[PDB]
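Single-structure report; data block below.
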Number of protein chains: 2
Amino acid sequence: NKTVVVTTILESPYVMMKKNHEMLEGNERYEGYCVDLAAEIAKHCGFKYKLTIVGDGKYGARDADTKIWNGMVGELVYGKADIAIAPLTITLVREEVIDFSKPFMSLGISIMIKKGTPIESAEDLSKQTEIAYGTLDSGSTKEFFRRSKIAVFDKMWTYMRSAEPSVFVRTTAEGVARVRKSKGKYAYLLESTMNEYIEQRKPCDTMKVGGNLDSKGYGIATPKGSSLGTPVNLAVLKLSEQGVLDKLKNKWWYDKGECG
Amino acid sequence: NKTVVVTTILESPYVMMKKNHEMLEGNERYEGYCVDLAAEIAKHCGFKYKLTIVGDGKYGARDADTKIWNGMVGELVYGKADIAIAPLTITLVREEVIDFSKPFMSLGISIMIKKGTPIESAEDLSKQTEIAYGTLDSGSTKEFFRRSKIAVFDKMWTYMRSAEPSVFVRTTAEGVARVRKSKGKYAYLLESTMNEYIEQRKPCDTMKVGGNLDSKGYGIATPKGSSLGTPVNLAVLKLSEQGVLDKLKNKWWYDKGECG
Ligand SMILES: NC(=O)c1c(NC(=O)Cn2nc(C(F)(F)F)c3c2CCCC3)sc2c1CCCC2
Ligand SMILES: N[C@@H](CCC(=O)O)C(=O)O
Ligand SMILES: N[C@@H](CCC(=O)O)C(=O)O
C-alpha cells in the first residue's frame, strides 16, 4: 500500500546509531531492540516501512497553555507518523489520544546510583538533602511524581520541582553522565529496563537499588482509530507467545553485558 | 441502564466464598482481589452489577471438533455474560474473539513443589521420570506446552500428554492437593501469582522454584465490540496509576500471609 512512517527515539539499547552509520542509508543506519521489533512487526503485518528519529528528541507531553503535544506522541496526534515503535509507556492521558497495543515489555520506575552511594530506597532519598535526585523531562516518570498522592512520592516531587540548580535532564544519557560525574551526589530516577541495561555497560560504576516504584508496560502506538492497530496488536501477542520478545530482550541486555 | 452480569471463577484469592455465605445474598456472598476490583471498576464506569460463578468452573478453551467455547470465554462469546473480571490470561486465540483491557496484573508460568523436592528448573523436570508433573485443564498453561516449539517445553508436553495415570487436574486446588499428598512425587505447573499466594498459606509446605517460563498478563474481558470496553480500559489505567492495583495485591497476598 503506502510505506509506513515509523517514529522512534535514540535511546539505548532500543535504537542506537551503528558506529558506521555515515557509511549507511535508510533503516540500515540503526540497530537495537526496537529496530529488530519493527522488522518483526512489519513481516507479520505485511507492510514496508521507514524509520525516522523524533525531531525534538522527546517521548511526549502536552503543554499546559498551548495544549500542543510534543515528541513521538505529537508526531502521531498531528499525523506526521503512522506508528511509534519505541520504549513508550502506556498511561491514561496518552491512551485517550492514541491507540496502544497490549504491552511488549513490562517495567517500573527505579533508582540508579553511583556504586557505594548510601541509598537503598525512595524513602531513603526523601529523608535527606546531601544527594540530589531528578528525572527525565517530558515523559511518564516526571508525571508520576508530579501527580502522586503517595506521601513519599509527593515529598520527592516538592523537593525536585524547586531544587537549584535544576535536577531535571533532557536525555537519559545526561542523567547517567550526571550520576557518574557527581561522585555519589546525584541519584537518577528512571525506568527499570533502562537502569538494568546501563548496569551491564562499562565502566560498570552504576547500580539499580531497591524495588520498583510502580508496575506498567510499553506498547506500540498508532494514531487513534488507525486500521494498523488491530494487526499490530495480534503481531505483538504472537511474538510474545513464540518467545521472540524474550529472545530479543536477552540479545540486547545480557548477551551484550560488559560487566561479567 | 441495565445491571451488568459479571462472570468470574472460584479461585483463591481472586474470588472465594466467605465462610458465612449461606447467611448472605448476592454479591455479599464473595470476597477477594477480583471482588474488590469489580467494585472499583463499577464505581469508575457508573454501572450496577451482579457477580455469577461460571457454570462449568473453567477458564475457557475451544473444542477441536464442535469448535464450541467453554468456561468464562464461552459465557462472553455466546452472550451469557457482559464482562469477565477474573485471573483471565490475555492470549492471541482469545484476543481474536473477545475484547481485553490493558493488563491489571502481570504473571508467568511457574513451578510449584513440595518443600525438599530435588527440582530447581523446568530443565530439571524434563530430564527425569521419578517426579510426575502436570497442569490445569482448559486454560492458558496447558496450551503453552501443547503449542511450544522450545525444546525443553516440547519434551515436557510429549511426556505429559501420554503419562499414566493422568497428570492433568480440573482445578487449581486439586493440583495443590496433589503436590501436598504425593510426598514430593508430583510437581505442579501454574501461574506465578497463584503459586506465590499458596506459598504464604498453611500448612506452608509448598514452594515456587526457579524463574518464570514466560511473561504475560491478565485483563478484563468483554464481548467483542461491546461499548463497555473503552471505559473499563480507562478505569484499569486510572487504578494502576493511583496505586490501587498495588494496594489490592498487598491486601490479598501478603497482608494475609500465614507463613511469616
Ligand atoms: N499492572 C500491570 O502489570 C500492567 C502491565 N503488565 C504487563 O505489561 C505484563 N504483560 N502483559 C502482557 C500481555 F497482556 F499478555 F500482553 C505482556 C506483558 C509483559 C511481556 C509481554 C506481554 S502493562 C501496564 C500495566 C498497568 C498500567 C498500564 C500498562
Ligand atoms: N518511557 C517513558 C520515558 C522515560 C521516562 O520517563 O523515564 C515515556 O514514555 O515517557
Ligand atoms: N489464567 C489461566 C488459567 C490458569 C492456568 O492455565 O494456569 C487462563 O486464563 O486460562
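Letters go in sequence order (proteins before strands), and every chain restarts at 1. Counting convention: from 1, in listed order, for ligands and their atoms alike. Hydrogens, waters and symmetry mates are skipped; everything else that's a heavy atom, side chains included, is used.
By the 3.5 Å distance cut-off applied to N or O atoms, A:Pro103 is not counted among the residues near ligand 1.
The single protein non-hydrogen atom nearest to atom 27 (C) of ligand 1 is B:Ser240 OG, 3.1 Å, given as residue, atom name and distance. Scanning all protein heavy atoms for the shortest distance to atom 9 (C) of ligand 1 gives B:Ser106 CB, 3.3 Å.
A:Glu11 and A:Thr172 share a donor-acceptor pair across their side chains, judged by distance under 3.5 Å alone. Using modelled atom types and a 3.5 Å distance limit, the side chains of A:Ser148 and A:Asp154 yield no donor-acceptor pair. With hydrogens and angles left out, the side-chain atoms of B:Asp36 and B:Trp252 include a donor and acceptor closer than 3.5 Å. At a cut-off of 3.5 Å, with distance as the only test, no side-chain donor of A:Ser110 or A:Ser192 sits close to an acceptor on the other residue.
Contact residues for ligand 2 (protein heavy atom closer than 4.0 angstrom to any ligand atom): A:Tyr59, A:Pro87, A:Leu88, A:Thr89, A:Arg94, A:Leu136, A:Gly139, A:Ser140, A:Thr141, A:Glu191, A:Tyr218.
Contacts between B:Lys216 and ligand 1 below 4.0 angstrom, taking non-hydrogen atoms only, involve backbone and side chain alike. At a heavy-atom cutoff of 4.0 Å, ligand 1 is contacted by the side chain of B:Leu237 but not by its backbone. Heavy atoms of A:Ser215 found under 4.0 angstrom from ligand 1 belong exclusively to the backbone. Neither the backbone nor the side chain of B:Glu241 has a heavy atom within less than 4.0 Å of ligand 1. At a heavy-atom cutoff of 4.0 Å, ligand 1 is contacted by no atom of B:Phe100, backbone or side chain.
Atoms of ligand 1 lying under 4.0 Å from any heavy atom of A:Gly217, numbered from 1 in the order shown and given with element: 23 (S), 24 (C), 29 (C). For ligand 1, the atoms closer than 4.0 angstrom to any heavy atom of B:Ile90 are 14 (F), 15 (F). Atoms of ligand 1 found under 4.0 Å from any heavy atom of B:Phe104, numbered from 1 in the order shown, are 1 (N).
Counting all heavy atoms, side chain and backbone alike, A:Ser101 lies closest to A:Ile90 at O-CD1, 3.8 Å.
Using a non-hydrogen distance threshold of 4.0 Å, B:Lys102 does not register as a contact of ligand 1.
Every residue two or more places apart in sequence or in another chain was checked for a ring pair (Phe, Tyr, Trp, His ring centres under 6.0 Å) with B:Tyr30, and none qualifies. The side chain to side chain donor-acceptor pair (under 3.5 Å) check on B:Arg146 picks up B:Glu143, with sequence neighbours excluded.
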Return all side-chain donor-acceptor pairs below 3.5 angstrom for residues 210-221 of chain A, not counting sequence neighbours, or 'none' if the list is empty.
| residue | atom | partner | partner atom | Å |
| --- | --- | --- | --- | --- |
| A:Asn212 | OD1 | A:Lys208 | NZ | 2.8 |
| A:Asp214 | OD1 | A:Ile109 | N | 2.8 |
| A:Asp214 | OD2 | A:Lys216 | NZ | 2.6 |
| A:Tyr218 | OH | A:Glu191 | OE1 | 2.9 |
| A:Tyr218 | OH | A:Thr193 | OG1 | 2.5 |

Practice task
Check the pair B:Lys102 / A:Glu95 against salt bridge (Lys or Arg N to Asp or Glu O under 4.0 Å), numbers first and verdict last.
Solution key: CA-CA 10 Å; B:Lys102 296 298 181 299; A:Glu95 182 65 286; 2.9 Å; yes
Handout entry: Worked check of ring-ring contact (aromatic ring centres under 6.0 Å, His included) between B:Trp253 and B:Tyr14
Key = CA-CA 10 Å; B:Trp253 267 253; B:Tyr14 297 97; 5.3 Å; yes
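Note that B:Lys142 lies in the cation-pi zone of B:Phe168, set by a 6.0 Å cut-off to the ring centre and a 45° limit from the axis.
Aromatic pair B:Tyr133/B:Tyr186: centroids not less than 6.0 angstrom apart.
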